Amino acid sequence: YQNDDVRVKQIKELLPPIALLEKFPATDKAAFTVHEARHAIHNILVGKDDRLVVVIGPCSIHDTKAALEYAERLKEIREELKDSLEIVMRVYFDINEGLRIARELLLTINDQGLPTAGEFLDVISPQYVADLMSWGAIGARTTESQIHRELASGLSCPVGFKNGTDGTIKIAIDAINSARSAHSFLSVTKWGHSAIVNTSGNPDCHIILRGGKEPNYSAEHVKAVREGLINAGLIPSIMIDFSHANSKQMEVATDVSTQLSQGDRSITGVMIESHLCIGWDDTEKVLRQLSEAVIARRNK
């Protein structure tokens, strides 16, 4: 009797992580950009830094030429607005070729002094690119998954838990709470071998408001989230996704810029989808608006 693998069409060796690290090692400059962006984001999350984190990028990378072009531009705005914003580029996507393309893109962008952000959707894919990642998001459909909370608990970067697809806040609050503890999960070593990973716990996790069944970017939605975080004993540190089920992106940015201007220190990050999705012209516009809002927040 064939009981084994009756539903597997094919199972093929993946390059071990070490193969991608050898082919595409972090420069000293990449390694620094990553280290600095992770510290900066930590400082912003806890309120030691009054700047806003801004994860902004394409909906997805289809063409690496276009991404590198976007990165050159965004880099200049990262430099100019570095006193009001900490800008990080969202980079979202033969699987071996896919991994080579991905790591190489990430390395190049970090090596130009632009930190990068991604989506952690599995427990094996971080072993190939997390050394080039300054921030990651766990999806709304994986925020209650124990292995995804356990993964967060052992990641070197800060992490955002999206709320559930129906607006549920509690799963993210529990996710953040869980991710701060030590845990165990199964994945592979750098050498590609099945492994037990024991984590130390990650204090740098926070909620992402991405809509749900009702846009959660309102001041009262933000007020209710903040209070739910405070009750649970967590830092009231909140990132608002302008895209996805919050839509229109320009109207969200106006509404959020308001709250920042009124003096809401609880809103510590935002996410924006931006292409060469709003256009590049509108991307600059919104960034300058949020910048203005942060500076006004310093005062009022």
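Start at 1 with the first residue shown and count on from there.
Gap between residue 18 and residue 19: none; every deposited residue in this span has coordinates. Going from residue 93 to residue 94, the model skips 10 or more deposited residues, which lack coordinates. When 222 to 230 is weighed against 150 to 158, 222 to 230 comes out higher, by mean CA B-factor as recorded in the entry. Per the PDB record, of the two stretches 289 to 297 and 1 to 9, 289 to 297 carries the greater mean B-factor over its C-alpha atoms. In this entry, the residue among 35, 244, 42, 29 with the greatest C-alpha B factor is 244. The PDB entry gives the largest Cα B-factor of the residues 192, 212, 98, 118 to 212. In the PDB entry, a CA B factor belonging to the lowest third of its chain's modelled residues is recorded for residue 187. In the PDB entry, a CA B factor belonging to the lowest third of its chain's modelled residues is recorded for residue 178. When the modelled residues of the chain are ordered by their C-alpha B factor, residue 172 lands in the middle third.
In the deposited entry, the Cα temperature factor of residue 143 sits in the bottom third of values across the chain's modelled residues.
Residue-level temperature factors show residue 204 in the middle third of its chain, judged at the C-alpha atom.
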